[PDB]
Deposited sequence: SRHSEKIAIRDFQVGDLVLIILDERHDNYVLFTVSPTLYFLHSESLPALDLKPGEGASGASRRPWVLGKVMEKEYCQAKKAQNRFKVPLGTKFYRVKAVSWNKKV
């Protein structure tokens, strides 16, 4: 039970945590870059759109750029962030 904390690659066991400032689930990381959990992943991890944290396995990642000021991620315009799909550890 050891987790990656930055430079997430496919196959990494990761810690998925609720981020209330951004009102989404994110990968726990020491990097300043935001790794949002892809919304497709929520049922697979039994998270609804209150559980504080879960372990997951990274399976896909996507590099994105906010193109409007108000967005579902609550990040400023132009911000660049990742979207990650993850499944349950075991």
_Deposited residues without C-alpha coordinates, grouped into stretches that follow sequence order_ = 1-4, 54-61, 103-105
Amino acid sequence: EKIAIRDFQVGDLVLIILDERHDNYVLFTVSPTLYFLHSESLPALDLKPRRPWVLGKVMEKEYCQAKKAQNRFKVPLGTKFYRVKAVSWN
From here on, numbers count along this sequence of modelled residues.
*Mean C-alpha B-factor higher for 17-25, or for 78-86?*
17-25
_Sorting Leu37, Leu47, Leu34, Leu55 by Cα temperature factor from the record, which one lands on top?_
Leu47
